[PDB]
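Protein chains in written order, with the deposited numbering: chain MMM, 2 to 109; chain DDD, 24 to 91, 97 to 289; chain EEE, 21 to 91, 99 to 289; chain AAA, 24 to 91, 98 to 289; chain NNN, 1 to 118. In what follows, a single structure is set out as structure tokens and then discussed.
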Amino acid sequence: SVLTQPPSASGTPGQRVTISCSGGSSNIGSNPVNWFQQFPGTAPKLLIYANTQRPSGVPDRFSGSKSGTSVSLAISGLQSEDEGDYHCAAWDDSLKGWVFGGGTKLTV
Amino acid sequence: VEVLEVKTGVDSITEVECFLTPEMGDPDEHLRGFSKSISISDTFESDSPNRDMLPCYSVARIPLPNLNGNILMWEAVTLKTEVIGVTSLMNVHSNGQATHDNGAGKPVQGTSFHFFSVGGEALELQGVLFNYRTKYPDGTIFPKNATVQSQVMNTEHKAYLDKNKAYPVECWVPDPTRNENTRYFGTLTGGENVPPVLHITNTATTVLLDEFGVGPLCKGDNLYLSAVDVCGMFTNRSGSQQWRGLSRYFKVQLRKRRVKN
Amino acid sequence: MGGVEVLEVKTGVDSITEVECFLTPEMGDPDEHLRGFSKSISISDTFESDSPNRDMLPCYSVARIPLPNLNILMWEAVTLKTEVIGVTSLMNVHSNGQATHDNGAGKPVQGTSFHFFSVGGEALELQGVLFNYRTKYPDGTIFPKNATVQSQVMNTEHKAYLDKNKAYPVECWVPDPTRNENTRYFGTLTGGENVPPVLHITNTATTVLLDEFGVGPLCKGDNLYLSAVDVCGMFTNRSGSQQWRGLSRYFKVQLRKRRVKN
Amino acid sequence: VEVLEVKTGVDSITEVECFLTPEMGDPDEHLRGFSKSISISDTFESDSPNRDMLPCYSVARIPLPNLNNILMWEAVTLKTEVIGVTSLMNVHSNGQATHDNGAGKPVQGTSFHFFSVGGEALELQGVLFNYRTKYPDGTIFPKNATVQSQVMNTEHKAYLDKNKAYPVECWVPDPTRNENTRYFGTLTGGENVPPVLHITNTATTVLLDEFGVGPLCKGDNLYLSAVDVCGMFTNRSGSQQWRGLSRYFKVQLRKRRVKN
Amino acid sequence: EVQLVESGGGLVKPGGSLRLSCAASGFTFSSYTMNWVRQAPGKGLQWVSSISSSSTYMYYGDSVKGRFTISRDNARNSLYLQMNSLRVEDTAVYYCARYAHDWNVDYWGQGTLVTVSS
């Protein structure tokens, strides 16, 4: 009942980078994953919600996939303005709380 | 029970009139009549729905006036029923899924089970499983000792609809080999785009008498109303889907029938 | 009907009478030019903040008809003829609609529909049921008060009389089946964005209003109560934006005189 | 008119049997039974369909045998069906391939099938989808349209007394009148509605009312009205034309004594 | 827009105490469950506590069970976190976040810094 995401990820500008988030039946199996984007010295902000959905203001480049207990975030058309920490979060039914991942620092 | 003649006279008829609420899974304090947003197993083998994702049969035991070898029982003669709150399904503005750019929300629609029974005892259930390796969740009464045969028919899986928030809809059906003392009626329409079609009227009576003009007989001076009305799924803005249920009204005419033993 | 002692049917030269009227649809009537439409439907930012504007909410239509005075004798509603007036108007597929495809005609009026009509010796009696109990029904409509989560499935607090027009939203009120002894009500919800309208018209179809005991509705106060809703579907504008579209309902009710005690 | 008893005998009954053709808008010399390819107004306010884009009610006045406290012809039974239903299987005539190597998309969609038998003209009530719609020169349409015209406006009365005249989309049988007519119709709306047309010479419909009286033919005339907009034909470009079909009528009539 | 504003954070000594404030403007605060999440310098996010619209259901992370208390004043459009028995580990930026159905955790405040040291 922890969310496991790579501590770091990187890519060449224009590439597709993939950050994975792996959980269990108690969290990601039965509950949706939101992704939060965080630039140094600002708050987290909603990037993806409900595994695969963009709020208005998030480019088509940002996308998700869900397969059972694991989800991934896909940043396509990588740009320098995308350098930051990507936080994975989901409710856990057994812990009766929100679990997050470690965070993923995306370097370009 | 040998069934003798119908007692007539000054107080020979009576009426029960109640509503049954839907147990659709009731995720949290705010979502009574919904299920939890439906998730799909990682594998066919690991299907294990959480209890708040599983609609259940609703049941109500109604005590009737006391009467009683050569005794009297209450005979259920007529039923009126309709779904309460059909218009609520026109709410296409509450964080739904726009069918298209500037579209209204996708209305409640899709796979539906409308079912209701009137019995002199509990509805009798036969278990049938979509997938026998499905693990039904802690807190529900489900078919025990599931075998592959459970997927088509397995006579081990008998049970009484004797408890609410208990018997998942998707693994129990009225047992057609029993239910002599119950009159049950239900319809499954399957498909993600099945349109709800709900008729309402206080002019439609249904007769509960059998081939031999005998209605259900209320053992223990009790009448058993059972119902399910899974209307379809509510599609949230994200596309995530929750079963949505509605209450069912019952009004049952009863009369007194002389009975031996 | 009942409530009082229903005695024998009075016959004679002046024992029968007829009401014949039409009821117009209150679909929300956004502006001076859109009678019989709702305002283009919008969707709440969140499930919690649902609060539809009054002009986005179709409402039950009701009409109190005064009958010839008597005095007891009461008027007994015996037969109904009803049909939707102006069904062909739904073939107007050219009025700034949505082309179904390149060089397509407009998408015709279609989708979620409620066709409902009642004949009563008193107001239609309503039970409130809410899709979402946290929905804030707008200033100027009569809605279920003291909504709890139980309101979403059943809450017997929410009783009301269909006694006012442009008042009772369709989506939070239904005939209360625990109490319309003196009314005959019939309705059908078909839900779905693509549900095709299917409207029959004929002057040959009579519906009888007598109960198990051969008594029709009895008109308390020498009043007959016609209630109706006919949300036919939605009109899809060129942009894709959707407005409910309603139609008037014709009623013709045969009435006769019934002798009554007290 | 007081209705007295039915005259019987060897010469008390007669039969009308005709077909009514569809007026679907008849763009050009070659497209009888079609409308013109449908276009959509620039704005809601500027809706103004061309006359050849507007299907219209069809009517036929049939003169009956002369009968000069008199006699009138009573219409007793009707048989009707749509003529040429199979023509709608022509899925090869410059249609729109449903998909790569598909046959053409068949005639389908929004349909009005309607037919009446009357001792006088069908009586019409006007109802408008959009009251600012300008109905084209050469059609009889609701005059003095107000916003109320969109839901109900009792000014808009009219007689179905002329062909190629009364657009289908702004007139319906007036249920407050038509004592002397028996009318039946069905609107099915939707772009994908499948046509479902039954044919049989075994189905009779009775025209007698709750009092056993059929329509009474004023002026020794029987009035057949009909509309059978079957759906739309989708051309190769996607452009759509209403397609109509003729309706057969066979009406049994008898003689009823009447005080004038 | 929706704006959440945190306040009350500062410097406090181990064993110390501290009350945090979230000021909600832009939405009916009384209609939504509200959260505290914290971020220790250079580490990831960690959920602290949830409270329902009507304060019917409060939940806490294990790391603060018994020490922290969430509360709200729906009349004053404010969410509070009472932090007792503060430790060195409790040093973090304390974010205030809304949970909406389907949207899940959506809006965050700017955060307020709590440093617990000597």
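We treat Cβ as the ideally placed atom computed from N, Cα and C, and that holds for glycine.
Could you check what DSSP says for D249 (chain EEE) in three-state terms: helix, strand or coil? helix
What do you reckon, are the CB atoms on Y252 (chain AAA) and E149 (chain AAA) nearer than 8 Å? Yes.
For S21 (chain NNN) and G109 (chain NNN), what's the separation of their Cα atoms in angstroms? 11 Å
For residue 290 (chain DDD), write down the residues that DSSP places opposite it in a beta bridge. Outside the displayed range of chain DDD (24 to 289) lies residue 290 (chain DDD), so it cannot be described from this structure.
Using the beta-carbon of each residue, which ones in chain NNN are nearer than 9 Å to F101 (chain MMM)? Within chain NNN, the residues near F101 (chain MMM) are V37, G44, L45, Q46 and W47.
Could you please tell me which residues of the stretch 34 to 58 of chain DDD, in chain order, have their CB closer than 7 Å to any CB of chain NNN? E52
Option nearest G42 (chain MMM) by Cα separation, candidates MMM:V109, MMM:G104 and MMM:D86: Closest option to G42 (chain MMM), judged by alpha-carbon separation, among MMM:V109, MMM:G104 and MMM:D86: MMM:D86.
Within 8 Å of any Cβ in chain NNN, is that where the Cβ of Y87 (chain MMM) sits? no
CB-CB under 8 Å to residue 8 (chain DDD), same chain, minus the five flanking residues each way: which ones, in chain order? Nothing in the structure corresponds to residue 8 (chain DDD), since chain DDD is present only between 24 and 289.
Using a beta-carbon distance cut-off of less than 9 Å, what residues from the stretch 48 to 63 of chain NNN approach chain DDD? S52, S53, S54, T56 and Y57
According to DSSP, is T215 (chain EEE) part of a helix, a strand, or is it coil? strand
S116 (chain EEE) and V258 (chain EEE): beta carbons closer than 8 Å? No, the pair does not count as a contact, with Cβ atoms beyond the cut-off.
Using a Cβ-Cβ cut-off of less than 9 Å, give me the residues of the stretch 56 to 75 of chain EEE that come near chain NNN, in sequence order. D65, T66, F67, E68 and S69
Ordered along the chain, which non-local residues of its own chain (more than five positions away) have a Cβ less than 6 Å from that of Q269 (chain EEE)? Non-local C-beta neighbours of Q269 (chain EEE) in its own chain, meaning closer than 6 Å and more than five positions away in sequence, comprise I61, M261 and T263, ordered along the chain.
Exposed unless 16 or more other CB atoms sit within 10 angstroms - verdict on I49 (chain MMM): buried
Taking only beta-carbon positions, decide if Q3 (chain NNN) is within less than 8 Å of chain MMM. no
With DSSP as the reference, label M21 (chain EEE) as helix, strand or coil. coil
Validate contact between the stretch 82 to 89 of chain AAA and the stretch 170 to 180 of chain AAA using beta carbons, cut 8 Å, 3 pairs: no
For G30 (chain MMM), would you say it is in contact with chain DDD, using Cβ-to-Cβ distances shorter than 8 Å as the test? yes
Which of helix, strand or coil DSSP assigns to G30 (chain MMM): helix
Does any C-beta atom of chain DDD lie closer than 8 Å to the C-beta of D106 (chain NNN)? no
Could you pull the DSSP bridge partners for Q46 (chain NNN) from this structure? Its beta-bridge partners are NNN:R38.
C-alpha gap between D249 (chain DDD) and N98 (chain DDD), whole angstroms: C-alpha separation (whole angstroms): 15 Å.
Which listed residue (EEE:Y80, EEE:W102, EEE:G22 and EEE:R55) has its alpha carbon closest to that of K30 (chain EEE): EEE:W102
Rounded to a whole number of angstroms, what is the C-alpha to C-alpha distance between residue 94 (chain DDD) and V105 (chain AAA)? No atoms of residue 94 (chain DDD) appear, because in chain DDD residue 91 is followed directly by 97.
When the Cα of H121 (chain AAA) is compared with those of AAA:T183, AAA:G32 and AAA:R265, which residue comes out closest? AAA:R265
Return no unless some Cβ of chain MMM is closer than 8 Å to the Cβ of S81 (chain DDD). no
Amino acids of chain DDD, ordered along the chain, whose beta-carbon sits closer than 8 Å to that of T109 (chain EEE): Ordered by position in chain DDD, no residue passes the 8 Å Cβ test against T109 (chain EEE), which lies about 14 Å from the chain.
Quick one, which of DDD:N207, DDD:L27, DDD:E184 and DDD:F143 has its alpha-carbon nearest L157 (chain DDD)'s? When each option's Cα is compared against that of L157 (chain DDD), the closest is DDD:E184.
What is the residue span of the beta strand (DSSP E) that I63 (chain DDD) lies within? Per DSSP, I63 (chain DDD) belongs to no beta strand (DSSP E) and is neither H nor E.
Going along chain MMM, which residues have a C-beta under 7 Å from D102 (chain NNN)? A51
Excluding the 5 residues preceding and the 5 following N207 (chain EEE) in the sequence, name in chain order all residues of the same chain whose CB lies nearer than 6 Å to its CB. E152
Are the Cβ atoms of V39 (chain AAA) and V287 (chain AAA) separated by less than 8 Å? no
Taking CB distances under 8 Å as the criterion, tell me whether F240 (chain AAA) reaches chain EEE. no
Contacts of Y212 (chain AAA) in chain EEE (Cβ-Cβ under 9 Å): Neighbours of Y212 (chain AAA) on chain EEE, chain order: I228, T229, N230 and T231.
Name, please, each residue of chain MMM whose Cβ falls closer than 8 Å to the Cβ of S268 (chain DDD). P33 and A51
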